[PDB]
Amino acid sequence: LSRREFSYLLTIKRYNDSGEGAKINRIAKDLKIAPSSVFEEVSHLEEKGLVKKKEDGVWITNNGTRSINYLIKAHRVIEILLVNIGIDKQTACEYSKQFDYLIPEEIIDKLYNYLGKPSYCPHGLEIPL
Amino acid sequence: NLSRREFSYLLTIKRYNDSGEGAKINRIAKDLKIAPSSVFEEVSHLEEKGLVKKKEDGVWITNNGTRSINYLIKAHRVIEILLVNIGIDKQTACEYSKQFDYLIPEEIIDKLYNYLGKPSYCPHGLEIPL
Amino acid sequence: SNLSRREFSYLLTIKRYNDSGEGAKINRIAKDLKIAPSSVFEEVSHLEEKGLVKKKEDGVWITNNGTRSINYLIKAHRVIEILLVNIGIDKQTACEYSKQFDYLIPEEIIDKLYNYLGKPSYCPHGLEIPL
Amino acid sequence: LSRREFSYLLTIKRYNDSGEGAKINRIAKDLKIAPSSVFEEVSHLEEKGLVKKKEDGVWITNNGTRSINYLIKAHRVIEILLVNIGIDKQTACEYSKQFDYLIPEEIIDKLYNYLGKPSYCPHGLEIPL
Ligand SMILES: [Zn+2]
Ligand SMILES: [Zn+2]
Ligand SMILES: [Zn+2]
Ligand SMILES: [Zn+2]
Ligand SMILES: [Zn+2]
Ligand SMILES: [Zn+2]
Ligand SMILES: [Zn+2]
Ligand SMILES: [Zn+2]
Ligand SMILES: [Zn+2]
Ligand SMILES: [Zn+2]
Ligand SMILES: [Zn+2]
Ligand SMILES: [Zn+2]
Ligand SMILES: [Zn+2]
Ligand SMILES: [Zn+2]
């Protein structure tokens, strides 16, 4: 899962959480990206089993929701680590965005346990299990 | 901003320089098993970055180049320590560290070093720079 | 204009795929140029830093600036060739000599030299000179 | 001859002109280069036979003064071409330094003839025969 794919899935999820499949043209508008690039990327996400197309548009799958939650956990876990070692809370977020999605899963899991199985990031936002 | 492929170049160049010899494009290409044209091209990017100087006698590593080698080694070894401390086998820790160590900012690596108690050696018993 | 001859080859190889409607994959570029994938990956990231390519999921795509710098080197090579033939150098030797420095000449010089030579359309080998 | 080598020779000649061999340490000072790079480079200036090292210091040879005057000629012949095509002469001087040293000899000669065998660059500096 790339950070860009992360943006798509969060966007798609906002619509699904509102009762609607995500339309290509709206993802396009909301993200500021060509409709054809959005179409191409949606097919890619469908091939990975993270979304599924229905009559009213794109819907995130259970595996899609898992990938979202996993990347949220990676972002916020690193953040806690960076804040512990003495980086300011906002700079921690920006740094974490640069490589959180690249860190092997084992490391995120062991960091989570190592940090106390922390329920929240330094910005008060929840950390999935 | 130093890739692991750049690291390999720098270490190869440094081997030749440490014996009093410019690193020849052709020998670099043979040591890394890559094409002389690719070496010539990458070397000019390493020059733009202030890490080497290309001269008549071949390529020489600069002070910033040497520093950059040392920074990556520290990053690699400091991360290994954190990984072992969170319960990862040291061989797996080494392999994992190589996948992202060169991407971590200088700020994170220095602060993490201090956070771990200024370790002097990585779990393989190899020295961590200051 | 800060674009090497080797970079030029990369960009012409990337453009061939892109002209055809697909992204240039790291390993296709590598095989076409007869070099190592790791070298192509490394060089591609430098070309992305210069804003001449964009690496996407599909592969590598040339940016507008990339296309622009391909044309600018072609213009530089061929405008210089014309100067060299007009001052008495044989065209094959002109081609070879031009390659030794064409890529180092700043934009201003090539555009002014183009005007000075009367805005020529084709080099002495009969190939087109971009504007 | 490279332009970096050319700096070395212009610095070394200045000391030789006042009547002394240039010291490795003074060369470094003047050029803002580390002494161990200057030592290494002078010894290759010696292997190319453009300088000769002695107890009082490095001295530029007939060959060394020759290579200076050649690069000078190239620089100034190129400047005239550039001013002829409409480039400001201050811009022409700086632009010329980016490639004057890399231009094959035969082009400089054909350009010199083509330009009328000029005796001055656009700034009035004389052009070596
Ligand atoms: Zn994708
Ligand atoms: Zn955050
Ligand atoms: Zn897990
Ligand atoms: Zn947060
Ligand atoms: Zn590089
Ligand atoms: Zn030299
Ligand atoms: Zn040497
Ligand atoms: Zn290791
Ligand atoms: Zn180790
Ligand atoms: Zn390049
Ligand atoms: Zn040609
Ligand atoms: Zn031609
Ligand atoms: Zn000048
Ligand atoms: Zn002048």
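Worth knowing before you read on, the calculation uses all heavy atoms, side chains too, and leaves out hydrogens, waters and symmetry mates. Chain letters run A, B, ... following the sequence lines, proteins first, then strands; residues in each count from 1.
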Review point. Relative to chain D, which segment of C:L83 carries a heavy atom at a distance below 4.5 Å: side chain, backbone, both, or neither?
Key: side chain

Exercise for review: Ignoring hydrogens and angles, state whether a donor on the side chain of C:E107 or C:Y72 is under 3.5 Å from an acceptor on the partner side chain.
Suggested key: no

Check your understanding: Who among D:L82, D:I103, D:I107, D:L102 has the most heavy-atom pairs with chain C under 4.5 Å?
Key -> D:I107

Review point. When you measure from the side chain of C:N18 to the backbone N and O of C:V60, does any donor-acceptor pair fall under 3.5 Å?
Key: yes

Practice item. Return yes if a side-chain donor-acceptor contact under 3.5 Å exists between C:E81 and C:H125, otherwise no. Key: yes

Practice item. Measure distances from C:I87 to the heavy atoms of chain D and classify the residue's part below 4.5 Å as side chain, backbone, both or neither. Key: both

Check your understanding: Does the ring of C:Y17 carry C:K25 above it, NZ/CZ under 6.0 angstrom from centre and within 45° of its axis?
Key -> no

